[PDB]
């Protein structure tokens, strides 16, 4: 029961051939052929600078890999954790059940962190690295990673682990012999949004998501932790919110659990960025406070875009005491984030107009009951909420809002400013709002729903048919979605992009399939911004999918495995 086939490179395709015994030519395993037949080998994402993989592989001993930290600093614990994790990463080249022969060269990995004290997330942080692999003496390998920070160094270790291949014909662990790589991301913000309010996600599943993110150098986990459906965030200062708001007492995110996730992210170069969506998308947890209106309002279609309805009442002074406490509790445990997301999607005018206490407030303050004056109330809310957010984090920090009626570029400057507010765009990539916002100097996070809404395509969750943003977005479409094209000359104002997993129809059980391997397409787009299209990345995408599965990720299947074994035969 040994493999019967071999592969040979022909016009950029590994063709399957019988491994006939009457041959003087050494047989190549599939992965070994791919490593040199493909322009970028088995790398994902492909590097942006030097990408020299040479021509040869060396047999290495799995048990003879040693990692050496050459520069000590404040990130010692992070560097040592990342180094310990390296052997585990390398074993990902080896299929489950297979065992490599413990023979071949020893590998010395040298880690050079040029600024070993630096460990803060920031939009200006340096994620660049240099990777060099060369033979050392007669019996070993020199792999040297040089980076300006821990984050660059961690990315370098990731790339390095991808330079190992398992020869399943011979049961040999192999490593690319001669490598020169220089690399750095095009965009500093490379994210996944996880909605953990429409359905609960086990913290195990959240950590697993972070593992897969780090594997493709995604660096931002946007945790949409509350909404109208539930409040799983454990607020120590306002405990009734999660007591009344959680789907169950166990379906909660404690301080200890969040600290665990935040640290797990930090070790892997992933910023854990919390969102408290306001003033819409609130409901459960707020019962008995009298601080919301329209909670469970019927008929819901008149009052909100999805059930249950519910909005904060900005006229209540006590509200901002609750908000200060929530933000403060968030700031305590989400202590690696440099940015705070404050939501601001889909505020309903009809909902605020239905409240008499709100109507009385506006009549006293000269404002009318027309659609324009409700923006004044929204501004009033956001200004006060902003103040509490700054107080909570103990500093002015960038804030994020969704595109909405408030962020309409024509009047956005009446309410916000470009220095204090980043706008997360979820309109189509062709919507006039994008160019308008960019011309007003605003910075953007791209999550255009026609390419980056990972929830689209499934059955309806209200009524029948399919969900609102169907059809399902294939990895080909997410790969080709280019912020550089969307933004043109104003592309430096694009901080990056984010795949959105809204969870009306997703939870613990479906997370792996929803995100992977599609988020890897976003990962390369944001890391490399290739001028080439999905077709040119197809073969490497099929491989990264297999790598996710080896990690224990229940990734979506893209193509028959036959296509992966027979490049060029599956096309349209």
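Positions refer to the first chain, counted from 1.
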* **Greater mean Cα temperature factor according to the PDB record, 315-323 or 471-479** => 315-323
* **Stretch with the higher entry mean CA B-factor, where the candidates are 24-32 and 60-68** => 60-68
* To do: Using the entry's values, work out which of 76, 284, 260, 455 has the largest Cα B factor.
  => 76
* Among 222, 85, 198, 155, where is the Cα temperature factor highest, going by the PDB entry? -> 85
* Comparing against every modelled residue in the chain, figure out the third that the C-alpha B-factor of residue 566 lands in (lowest, middle or highest). => lowest
* Structure fact -> For residue 184, the third of its chain by CA B-factor is the middle
* To do: Within this chain's modelled residues, let me know which third the CA B factor of residue 381 belongs to: lowest, middle or highest.
  => middle
* Asked: Should residue 50 be placed in the lowest, middle or highest third of its chain by the C-alpha B factor in the entry?
  -> highest
* To do: Consider only the C-alpha atoms of the modelled residues in this chain, order them by B-factor as the entry records it, and name the third containing residue 273: lowest, middle or highest.
  => lowest
